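Structure first, commentary second.
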Amino acid sequence: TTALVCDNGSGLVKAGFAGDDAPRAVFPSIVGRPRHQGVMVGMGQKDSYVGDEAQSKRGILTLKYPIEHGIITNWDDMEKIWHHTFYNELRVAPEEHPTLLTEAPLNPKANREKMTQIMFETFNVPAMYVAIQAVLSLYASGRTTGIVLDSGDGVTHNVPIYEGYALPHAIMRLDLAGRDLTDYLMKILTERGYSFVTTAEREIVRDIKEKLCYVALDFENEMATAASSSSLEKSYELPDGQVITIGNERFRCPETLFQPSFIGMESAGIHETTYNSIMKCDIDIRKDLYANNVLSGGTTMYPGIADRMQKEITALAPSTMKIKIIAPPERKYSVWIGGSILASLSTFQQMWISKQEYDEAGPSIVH
Amino acid sequence: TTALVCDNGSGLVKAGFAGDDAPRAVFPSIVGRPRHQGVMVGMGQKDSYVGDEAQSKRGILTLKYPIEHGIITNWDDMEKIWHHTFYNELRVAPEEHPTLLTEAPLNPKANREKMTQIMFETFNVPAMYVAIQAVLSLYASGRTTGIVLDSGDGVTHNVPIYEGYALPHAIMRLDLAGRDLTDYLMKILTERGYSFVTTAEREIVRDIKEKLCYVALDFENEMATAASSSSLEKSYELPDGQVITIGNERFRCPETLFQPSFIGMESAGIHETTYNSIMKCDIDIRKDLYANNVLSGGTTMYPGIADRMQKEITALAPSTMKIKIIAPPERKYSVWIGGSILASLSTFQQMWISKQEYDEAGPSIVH
Amino acid sequence: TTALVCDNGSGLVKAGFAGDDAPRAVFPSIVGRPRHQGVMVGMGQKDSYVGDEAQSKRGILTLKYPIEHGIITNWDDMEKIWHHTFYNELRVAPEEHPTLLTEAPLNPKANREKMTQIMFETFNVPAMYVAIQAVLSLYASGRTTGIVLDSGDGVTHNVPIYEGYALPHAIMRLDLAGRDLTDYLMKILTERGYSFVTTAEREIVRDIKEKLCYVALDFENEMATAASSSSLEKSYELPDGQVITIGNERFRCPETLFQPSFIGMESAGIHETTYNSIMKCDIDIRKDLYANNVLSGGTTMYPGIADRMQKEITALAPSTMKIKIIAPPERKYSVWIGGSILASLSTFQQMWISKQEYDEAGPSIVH
Amino acid sequence: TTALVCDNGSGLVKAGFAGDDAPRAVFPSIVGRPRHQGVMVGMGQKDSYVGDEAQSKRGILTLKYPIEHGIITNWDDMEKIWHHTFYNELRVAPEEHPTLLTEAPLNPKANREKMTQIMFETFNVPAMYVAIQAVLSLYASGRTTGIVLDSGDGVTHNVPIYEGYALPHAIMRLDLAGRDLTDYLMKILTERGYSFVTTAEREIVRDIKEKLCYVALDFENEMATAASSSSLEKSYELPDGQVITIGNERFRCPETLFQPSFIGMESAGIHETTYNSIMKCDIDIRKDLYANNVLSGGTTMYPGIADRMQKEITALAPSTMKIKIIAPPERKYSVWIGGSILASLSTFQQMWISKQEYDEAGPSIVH
Amino acid sequence: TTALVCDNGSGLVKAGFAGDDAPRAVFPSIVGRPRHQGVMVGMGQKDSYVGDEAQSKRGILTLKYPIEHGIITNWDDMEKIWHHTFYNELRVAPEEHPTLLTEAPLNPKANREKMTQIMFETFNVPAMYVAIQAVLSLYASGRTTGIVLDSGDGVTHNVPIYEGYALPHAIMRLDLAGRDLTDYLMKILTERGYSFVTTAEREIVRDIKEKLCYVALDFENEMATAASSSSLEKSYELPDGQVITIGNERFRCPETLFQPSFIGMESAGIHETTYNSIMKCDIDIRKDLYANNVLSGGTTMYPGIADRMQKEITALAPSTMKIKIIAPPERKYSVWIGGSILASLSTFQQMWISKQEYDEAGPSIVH
Ligand SMILES: Nc1ncnc2c1ncn2[C@@H]1O[C@H](COP(=O)(O)OP(=O)(O)O)[C@@H](O)[C@H]1O
Ligand SMILES: Nc1ncnc2c1ncn2[C@@H]1O[C@H](COP(=O)(O)OP(=O)(O)O)[C@@H](O)[C@H]1O
Ligand SMILES: Nc1ncnc2c1ncn2[C@@H]1O[C@H](COP(=O)(O)OP(=O)(O)O)[C@@H](O)[C@H]1O
Ligand SMILES: Nc1ncnc2c1ncn2[C@@H]1O[C@H](COP(=O)(O)OP(=O)(O)O)[C@@H](O)[C@H]1O
Ligand SMILES: Nc1ncnc2c1ncn2[C@@H]1O[C@H](COP(=O)(O)OP(=O)(O)O)[C@@H](O)[C@H]1O
Ligand SMILES: [Mg+2]
Ligand SMILES: [Mg+2]
Ligand SMILES: [Mg+2]
Ligand SMILES: [Mg+2]
Ligand SMILES: [Mg+2]
């Protein structure tokens with residue numbers, strides 16, 4: 001009966017059976033809708049495209065992320081990608097499987113109660129559970145202590161975790177993520193003349209960001225090497241055939257994580273928020289959090305991130321203690337693995353929220 | 001009850017029953033009128049000749065195209081060739097058959113409303129439909145995506161079409177066609193001394209254009225081979241018996257499609273308008289339009305057109321992507337086939353505009 | 001009431017009832033007047049002889065053609081032969097019969113208005129019509145298309161006629177005819193010593209021309225055969241009893257139709273005027289005129305004319321097309337037949353010009 | 001060295017030195033040839049007469065226009081009148097003077113290349129130029145913008161001209177001219193009985209046309225005044241002594257320019273061709289062409305032409321804008337003046353085609 | 001020495017001295033080039049026309065905007081209109097005056113560096129400055145806070161501005177402007193049959209748009225009044241003389257600013273982009289931006305725009321707060337005034353970029 005693990009982040013749905021190594025259905029969380037009223041006969045009609053099909057037809061469709069910063073914005077578009085996820089990639093009636101869902105910490109109470117009420121009533125699930133992302137990534141590391149920085153498409157979190165337990169007062173969320181970085185790469189890219197206005201083109205630039213962009217050890221050094229453009233300008237090719245050449249834009253896009261002042265936000269960079277999170281923790285356990293800080297999420301995949309983190313957190317923290325940062329390959333897969341182990345565990349099966357139980361239990365019990 | 005498909009282009013009426021392979025009545029759209037008041041008794045009188053009969057008696061008649069650039073100029077001459085088409089070639093009362101009519105895109109609203117009001121009130125049709133030409137040619141190709149270049153006698157169109165839908169903002173019409181090319185061949189032919197002033201002679205030159213003329217891969221190369229006149233001068237024989245010899249005029253007539261500056265029009269050639277049409281399309285779908293661009297119409301029949309298109313569109317488009325041009329034999333037949341399939345389809349029968357419905361519906365509903 | 005058909009050409013009046021096969025009264029159009037004041041008692045006096053009676057007494061009378069080149073020269077001499085035609089050969093009061101009259105094309109407006117005013121006022125005709133000669137000959141051929149060459153005694157015409165209608169701008173008249181040929185045969189005959197000065201003798205030579213003269217296929221060939229006079233000299237016998245012997249004069253008289261330079265006229269021969277008439281016609285219909293050119297009139301009766309026409313028109317026209325010349329026996333009868341059929345037709349009876357109507361209608365309506 | 005300006009139109013050669021006010025040698029373009037082989041001793045012999053001498057002896061000669069509709073028909077007759085023009089009226093060796101020649105627009109390429117090859121090789125000219133007629137007439141008006149209607153003996157043109165430049169696609173040629181009008185006046189005159197068959201008589205009728213004929217403001221009004229023949233019948237006297245009386249024929253001859261259907265041509269009248277020429281022009285410049293339309297040529301000399309043009313073009317053009325027609329006295333002189341100014345100009349002397357240069361340059365460079 | 005203010009927008013150059021009230025030279029930014037190779041002598045030649053002269057001769061010339069969407073497309077055509085602006089309207093050597101230039105926000109770095117390098121090197125300017133358009137319009141309002149919507153011919157901007165400072169992350173550019181609206185008015189106008197294909201005619205329709213078009217308070221209401229065409233159809237007169245009658249097209253052209261889906265663009269209308277711009281701003285200052293939103297540019301001149309903005313922004317924003325829109329007459333003049341005041345200010349004279357300084361400073365300093 002094993003179990004279903006659905007990681008519902010902004011940008012990507014990572015779903016699959018528990019106890020496995022990698023999610024089997026990994027497709028973007030979009031509901032495309034035809035922009036031009038196809039005045040033809042037979043076309044589709046396919047009033048709504050979802051996921052990969054919508055991706056294939058980007059030029060026709062208006063792409064619409066149903067989930068913004070972890071918050072569910074549109075509730076039937078979410079339903080759409082869930083139904084599509086259960087019957088056209090996983091091929092699985094939810095009635096045979098308990099379902100472990102995912103969500104960001106410090107998230108409105110409207111996401112856990114409406115989410116369970118849909119899973120339970122529209123789909124029929126024997127039992128379900130909603131888990132905080134960073135704890136699952138810690139299971140995937142195979143560790144019980146550490147401070148997780150999970151930066152996905154919607155949200156970046158810091159969740160300090162000591163020997164099991166948690167520290168809710170030190171959990172720090174920050175809306176800086178791949179979606180904010182791809183928009184900033186939009187208006188920074190347009191100073192070269194390349195205009196990407198539409199949602200379909202936004203996912204093209206998302207592609208440029210995934211391949212070319214990198215986090216400088218020192219951005220000023222990168223700027224210096226860039227002035228005489230030797231290796232910093234690279235040629236990327238669109239699907240149309242044109243040639244984009246991006247130099248300093250390659251690295252100054254991800255610099256936004258460490259200098260949110262480029263987007264016009266006062267929030268400290270992700271190194272002062274992980275540092276500030278360790279500050280709020282009790283003086284005893286900070287040495288273990290400094291040593292064990294973990295990384296997860298697609299927005300942790302920029303080459304050079306871990307090294308810049310080690311330079312900057314080692315500059316804010318007292319130099320007498322060792323700051324080891326553990327950033328394993330397969331991060332996106334790693335987050336899923338931690339959730340799967342918990343479903344595997346012979347001690348978590350008591351914590352499922354039964355569907356029959358849930359209606360009596362109400363929203364509050366789940367939270 | 002099957003259906004009637006009437007392709008009303010300038011120059012040729014292609015009409016016949018739906019579900020068939022080729023139109024059965026293919027005759028020129030002309031209403032000849034005696035030029036010299038035959039001062040004889042018994043002759044005709046045949047105050048009006050139409051189609052093939054008018055063609056046979058060109059020397060007596062003033063030939064008058066009722067439709068200029070897709071726009072209906074004279075409305076009872078149009079009625080004349082319709083009545084003639086229904087009772088003397090198709091032999092068919094329009095009351096038994098729904099009628100699919102044709103028209104060019106981006107055409108004045110006076111053609112669809114006056115056309116349906118005639119079909120409905122003068123003839124009596126149970127139901128009818130007016131369809132955009134390029135979409136029918138795409139059905140005839142047996143394809144759902146591509147950019148159609150339909151060059152007939154009145155008008156040349158570019159209609160980009162992606163996966164069903166359409167892109168109205170990228171539809172580009174251009175008044176360059178067999179009628180404009182036959183007039184340019186008129187005044188270019190007269191530099192050899194052959195004077196064709198009359199409308200009857202215009203259709204002779206239309207005949208010369210159909211047989212001899214060809215589109216150079218490189219016109220300058222053709223000019224060079226022409227200076228020493230080896231194969232470029234060919235002998236054509238009129239119906240009178242005289243011998244015309246045309247050299248570079250054979251190829252420089254159709255060069256007007258790619259260099260409209262020979263007629264004194266600023267519009268770009270048909271390769272910059274198909275290129276410009278693909279430009280206005282969203283960056284995602286342009287690779288499919290480059291690969292799938294389709295051709296239709298009598299003015300696509302000049303030998304050498306497809307190859308010149310591939311040289312010129314491959315010179316404007318980024319050389320990294322494949323520009324395949326599909327130009328099947330039987331183009332003139334092909335346009336008709338796409339319309340017939342739609343009548344055949346078990347999903348288009350809902351879209352007919354009932355005659356009774358039309359009067360209540362008004363002009364606007366049809367459009 | 002059937003109808004009266006009067007063909008009033010120079011030289012011969014061909015009159016009779018409509019619907020018949022041949023004119024019944026065929027007599028020359030002359031008004032003889034005694035030259036020597038017969039100083040006898042009882043003789044005649046017959047102050048005026050007309051037609052056959054005048055012919056019988058040629059030696060006494062001055063013969064006077066009332067109609068020269070189609071133009072009516074003397075109007076009471078014309079009246080004389082009309083009155084004689086109606087009461088002494090046709091025996092018929094014109095009041096019972098509508099009368100179809102004849103005239104050459106491109107003829108002064110004084111002949112149609114004075115002619116109708118006489119028919120109407122001096123004779124009393126219920127209704128009448130004046131028709132162009134060549135169209136009547138075309139009816140007699142039983143055909144609707146062709147180019148008629150009608151050469152009578154006064155005038156030679158070319159009237160191109162396509163499918164009914166006419167081509168007035170291509171009608172070409174030329175004053176070369178039996179009267180001009182008989183005068184040229186006069187002064188060419190006098191080089192043998194035979195002097196014919198008088199009008200009575202002119203009609204003798206007209207007789208010699210009708211029997212002996214012939215149109216050479218090649219006149220130079222005829223001249224060569226003539227130098228050694230074997231078959232080219234023939235013996236003709238006058239009414240007096242003397243013997244005339246004419247050799248090359250037999251054929252060089254009708255050569256004037258093809259070489260008007262023998263009479264001192266610049267006009268091209270009748271083969272360049274039929275060729276030039278087909279030139280002025282629209283390029284489409286010329287192949288039918290080349291194939292269908294018709295012949296009529298007494299001056300088409302010279303043996304050898306049709307063959308010489310075919311050699312000469314085939315030498316001026318492009319050799320790629322077939323020039324058939326149709327010259328049926330019974331030409332003189334043939335012209336009459338075409339007019340009779342029109343009177344017979346159940347559609348021409350509307351076109352009669354009523355005598356009562358004519359006075360109100362005036363000269364202009366008739367034309 | 002000043003220059004030679006030779007205006008070689010059909011019917012008249014207007015030649016003289018540049019910078020002058022009027023051409024000095026103005027004589028008809030004819031090569032007379034004796035029709036009757038003068039069997040006398042001493043006469044001439046003058047195997048060929050040319051120009052004025054041929055005119056004096058019209059009764060002996062066959063007159064032969066060497067140039068028909070602008071096209072050179074016979075090339076040594078043309079040479080004849082050129083040689084005669086250079087040595088017996090201008091008295092001038094062409095080797096001292098560059099020669100500006102004239103020709104109609106849209107004229108076969110055989111006239112510019114054979115014309116220059118003769119000027120260059122038979123005569124010896126240092127340099128020469130061939131100019132389009134209507135542009136020279138525009139120089140004579142002293143203006144840079146306007147639409148020229150030049151109607152000479154062979155051809156009528158419309159050449160729209162805006163601010164300098166030209167509009168080749170709007171140039172409209174039409175074979176209606178004094179030669180076509182004098183032939184139509186031939187067969188219309190013959191309905192009064194006056195038969196003019198010969199070429200010598202054609203130039204008599206050309207004289208009648210020049211003096212008496214006039215263009216009605218309204219031809220129907222002229223017809224009404226003519227029915228009661230008060231001022232419309234005028235007496236003209238031939239050189240023989242006979243008296244011709246022509247009424248409505250006076251005005252209905254030039255009506256052919258506005259109703260080409262009298263000659264059997266489909267071409268629109270000269271007011272619909274000047275109107276149609278302004279149509280083909282870009283919407284911006286049409287108001288200047290309507291206001292500035294110019295007139296030139298001998299066939300513009302009929303009294304009443306300008307007023308009829310203003311009534312008819314003002315009836316076809318939107319009545320909201322002013323149609324001024326400028327038709328200055330001295331038209332025939334005016335065309336010559338525009339060419340002379342260009343030779344005078346200190347900027348056209350670069351555009352001469354050197355004789356030495358021409359042989360290397362070939363026919364194509366001149367065109 | 002006062003100063004030069006050159007507002008280089010697409011469509012219009014507004015230039016003049018600082019401290020004045022209105023720009024003195026206001027002429028369109030076009031470089032006309034003769035389309036038909038004027039085969040005349042003396043004409044121009046004027047190989048290039050610029051501004052008003054090019055406008056006068058639209059029918060001859062190909063008009064070519066050198067600046068598209070704020071981006072400089074052709075750099076010597078730009079140079080052309082600058083040189084023309086400095087010596088033939090302002091009459092002023094740039095060496096005596098520092099020059100304040102204009103540009104749109106979020107514009108490629110190729111426009112500020114190439115623009116200064118030309119101003120500095122081709123012209124010689126002591127010092128110069130390039131300023132963001134919307135800030136100058138705010139100076140012209142005489143205010144320090146507000147959100148500027150500047151819609152010109154190339155680009156529409158929203159620039160929120162609080163108490164001096166700026167908010168770069170909230171600046172929102174959108175390529176919808178008079179050029180896009182005049183093209184849409186092109187293909188919408190052609191459904192009435194009026195075909196405007198050429199660039200010269202595009203500026204005619206630009207004229208029609210400027211006078212007749214208006215922004216409906218409710219477009220559906222306008223459509224209803226239009227069905228019974230009482231006041232919605234107005235008669236406009238071209239320069240040719242023809243009469244255009246435009247009904248619903250008058251208002252549905254500018255509806256494109258609020259419904260970009262008519263051109264096939266996904267971008268929200270200008271009321272959702274000004275609303276979305278205020279969203280991105282910090283919660284504190286939004287009440288002042290709602291109250292103070294300013295308007296500038298030629299595309300803000302459609303009658304009815306401000307009222308429609310107030311209905312639509314008041315429908316998106318919480319109804320508890322006052323949305324005052326300030327749209328003063330003289331907008332086009334207003335933008336210039338704000339720039340002139342800054343030149344006038346005794347505190348901006350330090351911010352000039354010296355020409356000598358600029359070469360050392362490089363492109364980056366200017367930006
Ligand atoms: N290789 C990469 N390099 C940089 N950024 C990436 C890469 N892959 C994905 N991203 C960014 O990270 C996001 C995916 O992260 P993910 O962990 O799937 O987020 P979530 O789990 O919230 O859906 C994408 O939106 C993309 O912008
Ligand atoms: N074999 C040919 N080669 C070149 N041109 C042709 C040929 N056949 C027809 N045309 C031109 O194309 C026109 C016919 O095209 P068609 O597709 O029938 O136009 P429509 O559908 O608008 O009537 C004719 O007017 C002729 O000028
Ligand atoms: N058998 C003949 N051979 C040659 N010429 C003839 C013959 N018969 C008649 N002609 C000539 O033709 C004339 C008669 O032709 P006809 O058709 O009667 O002319 P019309 O109809 O004008 O009177 C006579 O004047 C005579 O000169
Ligand atoms: N006064 C006149 N009135 C009417 N027609 C005239 C007059 N003078 C000349 N023409 C006609 O115009 C012709 C002369 O025109 P012209 O301008 O010399 O032609 P081109 O320049 O082609 O030789 C003559 O053939 C004559 O028929
Ligand atoms: N009265 C008007 N009504 C509507 N639109 C106008 C009017 N005047 C100008 N426009 C449009 O605005 C444009 C001029 O705006 P402008 O502020 O000069 O733009 P820019 O400053 O970018 O040159 C023109 O291209 C025209 O299309
Ligand atoms: Mg995540
Ligand atoms: Mg077609
Ligand atoms: Mg006869
Ligand atoms: Mg002339
Ligand atoms: Mg502006």
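By convention in this document, the chains of the structure tokens carry letters A, B, ... by their order, each chain's residues are numbered from 1, and ligands are numbered from 1 in the order they are shown.
For chain B, the residues no farther than 8 Å from chain C when using only C-alpha atoms are residues 36, 37, 38, 39, 40, 41, 42, 43, 44, 57, 58, 59, 60, 200, 201, 239, 240, 241 and 242 of chain B.
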Checklist entry - If you count only C-alpha atoms and all ligand atoms, which residues end up within 7 Å of ligand 1, as number ranges by chain? => result A: 7-13, 151-155, 178-179, 182, 206, 209-211, 213, 296-302, 332
Limited to N, CA and C atoms, could you put the picked residues into a file as a CSV table (one decimal), in the first residue's frame?
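out_21.csv was written with the following content:
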```csv
chain,number,residue,atom,x,y,z
A,7,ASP,N,5.7,16.4,-3.4
A,7,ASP,CA,6.3,17.7,-3.0
A,7,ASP,C,5.8,18.8,-3.9
A,8,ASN,N,4.9,19.6,-3.4
A,8,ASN,CA,4.2,20.7,-4.1
A,8,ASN,C,4.9,22.0,-3.8
A,9,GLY,N,6.0,22.2,-4.5
A,9,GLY,CA,6.6,23.5,-4.5
A,9,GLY,C,6.2,24.4,-5.7
A,10,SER,N,6.4,25.7,-5.6
A,10,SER,CA,6.2,26.5,-6.7
A,10,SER,C,7.3,26.2,-7.8
A,11,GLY,N,6.8,26.0,-9.1
A,11,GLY,CA,7.7,25.8,-10.1
A,11,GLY,C,7.8,24.3,-10.5
A,12,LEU,N,7.8,23.4,-9.6
A,12,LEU,CA,8.0,22.0,-9.9
A,12,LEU,C,7.2,21.1,-8.9
A,13,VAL,N,6.5,20.2,-9.5
A,13,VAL,CA,5.8,19.1,-8.7
A,13,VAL,C,6.7,17.9,-8.7
A,151,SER,N,16.0,26.8,-0.4
A,151,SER,CA,15.6,27.8,-1.3
A,151,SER,C,15.1,27.1,-2.6
A,152,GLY,N,13.7,27.2,-2.7
A,152,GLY,CA,13.1,26.7,-3.9
A,152,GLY,C,12.7,27.8,-4.9
A,153,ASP,N,11.6,27.6,-5.6
A,153,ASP,CA,11.2,28.7,-6.5
A,153,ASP,C,10.4,29.8,-5.8
A,154,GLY,N,9.6,29.4,-4.8
A,154,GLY,CA,8.8,30.4,-4.1
A,154,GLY,C,9.4,31.0,-2.9
A,155,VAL,N,10.1,30.3,-2.1
A,155,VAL,CA,10.4,30.7,-0.8
A,155,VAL,C,11.8,30.1,-0.4
A,178,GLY,N,13.9,31.3,-7.0
A,178,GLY,CA,14.1,31.3,-8.5
A,178,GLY,C,13.2,32.2,-9.3
A,179,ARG,N,12.0,32.3,-8.8
A,179,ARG,CA,11.0,33.2,-9.5
A,179,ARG,C,11.4,34.7,-9.4
A,182,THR,N,14.6,35.1,-11.6
A,182,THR,CA,14.3,35.1,-13.0
A,182,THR,C,13.7,36.4,-13.5
A,206,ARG,N,14.4,31.5,-17.3
A,206,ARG,CA,14.6,30.5,-16.3
A,206,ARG,C,15.5,29.4,-16.7
A,209,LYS,N,19.0,31.0,-16.7
A,209,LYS,CA,19.5,31.1,-15.4
A,209,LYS,C,20.0,29.7,-14.9
A,210,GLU,N,19.3,28.6,-15.2
A,210,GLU,CA,19.7,27.3,-14.7
A,210,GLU,C,21.0,26.9,-15.3
A,211,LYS,N,21.3,27.2,-16.5
A,211,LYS,CA,22.6,26.7,-17.1
A,211,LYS,C,23.7,27.7,-16.8
A,213,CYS,N,24.1,30.8,-15.2
A,213,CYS,CA,24.4,31.7,-14.0
A,213,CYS,C,25.1,31.0,-13.0
A,296,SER,N,19.3,22.7,0.4
A,296,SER,CA,18.3,22.0,-0.4
A,296,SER,C,17.7,23.0,-1.4
A,297,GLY,N,17.1,22.4,-2.4
A,297,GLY,CA,16.2,23.2,-3.3
A,297,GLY,C,16.9,23.5,-4.6
A,298,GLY,N,16.1,23.8,-5.6
A,298,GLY,CA,16.7,24.2,-6.9
A,298,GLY,C,17.5,25.4,-6.9
A,299,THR,N,17.1,26.4,-6.1
A,299,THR,CA,17.9,27.7,-6.0
A,299,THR,C,19.2,27.5,-5.2
A,300,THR,N,19.5,26.4,-4.7
A,300,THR,CA,20.8,26.1,-4.2
A,300,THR,C,21.8,25.5,-5.2
A,301,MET,N,21.3,25.4,-6.5
A,301,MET,CA,22.1,24.6,-7.5
A,301,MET,C,23.1,25.5,-8.3
A,302,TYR,N,23.0,26.8,-8.1
A,302,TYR,CA,24.0,27.7,-8.8
A,302,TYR,C,25.4,27.3,-8.4
A,332,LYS,N,17.6,18.4,-5.2
A,332,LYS,CA,16.2,18.3,-5.5
A,332,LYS,C,15.7,16.9,-5.2
```
Next on the checklist: So that I can check the secondary structure, give me every residue of range 151-211 of chain D assigned strand (DSSP E) by backbone DSSP, as a list in words.
Outcome noted: residues 151, 156, 157, 158, 159, 160, 161, 172, 173 and 174 of chain D
Item to check | Contacts of residue 29 in chain D at 10 Å (only C-alpha atoms; same-chain gap of 3+ positions) as an MDAnalysis selection string | outcome: chainID D and resid 8:14 26 32 50:52 54:55 63:67 77:78 80:82
Checklist entry - So what do you get for CA of residue 303 in chain A versus CA of residue 149 in chain A, distance-wise? => result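 Pair CA of residue 303 in chain A / CA of residue 149 in chain A returns 16.0 Å.
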Item to check | Who sits within 7 Å of residue 253 in chain D, only C-alpha atoms, same chain under 4 positions skipped, as a PyMOL selection string | outcome: chain D and resi 181+184-185+249
Would you save the residues from that selection as a short mmCIF file (atom, residue, chain, number, x, y, z; two decimals), in the first residue's frame, using C-alpha atoms?
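part09.cif, freshly written:
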```
data_model
loop_
_atom_site.label_atom_id
_atom_site.label_comp_id
_atom_site.auth_asym_id
_atom_site.auth_seq_id
_atom_site.Cartn_x
_atom_site.Cartn_y
_atom_site.Cartn_z
CA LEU D 181 -8.50 60.87 -85.95
CA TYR D 184 -11.87 58.26 -88.61
CA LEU D 185 -12.65 61.64 -90.16
CA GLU D 249 -18.54 65.79 -88.59
#
```
Checklist entry - Which parts of range 205-298 of chain E does DSSP call alpha helix (DSSP H) when run on the backbone here, written out as JSON, numbers by chain? => result {"E": [205, 206, 207, 208, 209, 210, 211, 219, 220, 221, 222, 223, 224, 225, 226, 227, 249, 250, 251, 252, 270, 271, 272, 273, 274, 275, 276, 277, 278, 279, 280, 286, 287, 288, 289, 290, 291, 292]}
Item to check | Distance in Å - CA of residue 99 in chain D versus CA of residue 126 in chain D | outcome: 8.3 Å
Checklist entry - Separation of CA of residue 355 in chain B and CA of residue 6 in chain B, in Å? => result 16.9 Å
Next on the checklist: Show me, as an NGL selection string, the residues that have an atom within 12 Å of residue 313 in chain B when counting only C-alpha atoms, minus same-chain residues fewer than 3 positions from it.
Outcome noted: :B and (258 or 269-278 or 289-291 or 293 or 305-310 or 316-319 or 321-325)
